[PDB]
Structure formats: C-alpha cells, structure tokens
Amino acid sequence: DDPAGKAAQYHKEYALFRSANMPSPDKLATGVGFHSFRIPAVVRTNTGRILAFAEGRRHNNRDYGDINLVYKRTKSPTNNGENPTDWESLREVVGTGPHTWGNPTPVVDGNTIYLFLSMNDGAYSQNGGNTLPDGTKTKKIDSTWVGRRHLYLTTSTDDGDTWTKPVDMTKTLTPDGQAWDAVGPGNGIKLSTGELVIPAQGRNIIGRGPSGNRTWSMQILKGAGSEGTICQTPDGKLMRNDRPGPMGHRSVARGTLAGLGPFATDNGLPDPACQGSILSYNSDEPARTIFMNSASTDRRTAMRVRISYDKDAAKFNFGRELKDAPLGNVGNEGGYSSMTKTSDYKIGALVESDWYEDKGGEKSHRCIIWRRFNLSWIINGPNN
Ligand SMILES: [Ca+2]
C-alpha cells in the first residue's frame, strides 16, 4: 500500500486566468485584456514561489494573431498558491507587435528560470487563409525567415519578477528548412545528472553547463510528436510521452541523452490528440510519476490524473477523474494541462476550460483553472 493514501484527502480549485467574459477578468496594468487564456505552464522555483504561464489570446481563441505570453506568480515564496488572493496580478513576459508569442515551456535551473517559447509573425498561421481582426488573411507558415515558426528563450534570475528580452534561437535550436514548429508546451526538466531537457517538435533541446550558464543543443528524434512531454523515470532513463497525430492514445518512447528508442502507442493511455502533462513526483520509495491528460479517444473533457509506481512508468493506475472535484462558473473543464509539486506536498495543476459559447468557433472564451490536490485524493478515487 502507498503510505500517502492514509492521509486525509485534500483538493481545492479555482480559476486563475479569467477570460474577458468573466467577472474580474485578468488584464495587464496597461489595460490590455484577453478574450481567452490557453496553453498553461507551471513551475515551482527553488524559493517555493510558483510561476504560472499562459498564452493571452487578445481577440479570439485562435492559435494565430496577436497573442502574448503572460504570467502570474504567487505573492510570496511560502503561500503555495493556496487561495486566489495568494497570486499577483497578471504580468507579461513578451507581447511585442501583432505577433504570436506562446507555447510556454519553462524549466527551473537553480536560481535561473529558463522559459522557451514559440513565435510567429502576426501575418502568418499554421494553415494560412485565416481572417484576422483587421480583415486581412493570413499567409501559411512556411520555411522563410519571416514566415517560419521561431524558437525563443528568455530567462529570469530574480524568481520570475523580471525576464530578459527574448533571444531568437531558431538558427541553432530548430532544424534548418523547417516551417511549423512547437516547443512543449508545459515544462522541461532537470536531470539527476544536472542536464536540462526541453521537449519540442521532433526533438529534445538539451542544456548543458553550470547552473545558470547553459549552452543548448538539439537531440533529433525519429517518430516524435509535435507537442511532447519529457520525464526522467525512477530508473534514470528519459521518457517522451507525446500527443499523437491521430486521435487514440499517447505515443511513448524511452532512452537516454545518447538517444531514444522507437515511439509506440501506449494503449493504457487514451488521448484525443491533445496535449498532456507529466511530473516526476519523487524518487525515494515508493517512486511516483504523475500523468494528466483527457483520458478519452475523442474528447478533451475527460481529464484524469494518474500515478505510476513503475521504474520505467510502463503502467499507470486508473487514477482520478477531475470531475470528482468539479468547479462551477468556469465553463467546461478540459484540455491542455501542466503540473508542479508545491512546497507543501501537493500537486498543483493548471487545466484549460472552455465556455463553448460559439461551440468550436473562434468566439468561445477560454479560461484556466488552478487545482491543488494531494496524493491521497488521487489514490482514494472511487474507481482506483
Ligand atoms: Ca503580440
């Protein structure tokens, strides 16, 4: 038996990024508000402060157009994001121009937080032919310098308070000739041996060097997804657990910094072609890996958090459905997620929610929920 299961269950949940349609919507100090928030990423810093990132999509819920990378921090290093008033007001990492800034993918490295992100020129979209608010039609993302997806890196050495001007690393950390790209979204990791690993489309991005003074390289992968997760399992090996191209199940590969083995579908982890998140919770006995996604082959509204006790994370339990702790007044929960461990031995998770007013159309407002729960809450789930 898992000794953490004997504890009293704990869960608490509330909206952290409140869309423009909601009371007390999240706005920047400049007065800039956002139609939707999507694409969460969360990390605990070495002070205990929590940093929550998202895409602030200004005018509608689409992946293209004027989109800013925004964030909140907990007001103190010690409050663990317990209550809504424990969080600072909305701030911006980068929002310059009419461009798309997004795919936040942070990793904590001692006293430096690195944040990788994707960017495209505001006149371009993944598919092309999309209408922008001014009536212009996007061009299709292509392999030109202006028209491709870029990869940027920004850093903080003051616990997330301020961020360096993002540095364009496309020429060294994205393959030449590539058009569309993505990093994460969600999080990177620091290995037991001290290297940093950031998941990206078709590759890992590897940081080596002393803490806070890293240089970065690509590890090209065969058969990897566009939106990946990375994890160091208790056996010390790396694992990529990726969003599949076709709806069905997660696509998983295992290996080391010298290379990954083949990707293959994991039939224990249904997925509707959506982002997921993964977290190494602890390496001491019993070692646990936590996984969160929508546990369904066709919809995003079946959010499930699970534990694996396997050294290679081969098998996860049923876990618990997040609808067991439902939250009112935030739309229909489900979508992209990100998890961290808090200082008080909870899992903190950001989870997307959709008001669905325009159905799948661009006008449906999107918000992001902050959940905390302990292992007991997962372990003692009714179907677990
Ligand atoms: Ca912008």
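Counting starts at 1 for both ligands and their atoms, following the listed order. One is the number of the first residue; the rest follow in order along the sequence. Worth knowing before you read on, the calculation uses all heavy atoms, side chains too, and leaves out hydrogens, waters and symmetry mates.
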Name of whichever N/O/S atom of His99 is nearest to the Ca ion (ligand 1): O
Do we see a donor-acceptor contact under 3.5 Å between the side chains of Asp159 and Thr45? yes
Write out all pairs satisfying ring pair (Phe, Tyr, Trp, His ring centres under 6.0 Å) with one or both partners inside residues 277-309, taking only residues at least two apart or from two chains. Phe291-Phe316
Please determine if the Ca ion (ligand 1) has an N/O/S atom from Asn68 lying under 3.0 Å away. yes
Taking the Ca ion (ligand 1) as the vertex, measure the angle between atom OD1 in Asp66 and atom O in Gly97; round to 10°. 80°
Could you check whether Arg306 and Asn317, counting side-chain N and O atoms only, form a donor-acceptor pair closer than 3.5 Å? no
Judged by modelled atom types alone, do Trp87 and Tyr14 share a side-chain donor-acceptor pair under 3.5 Å? yes
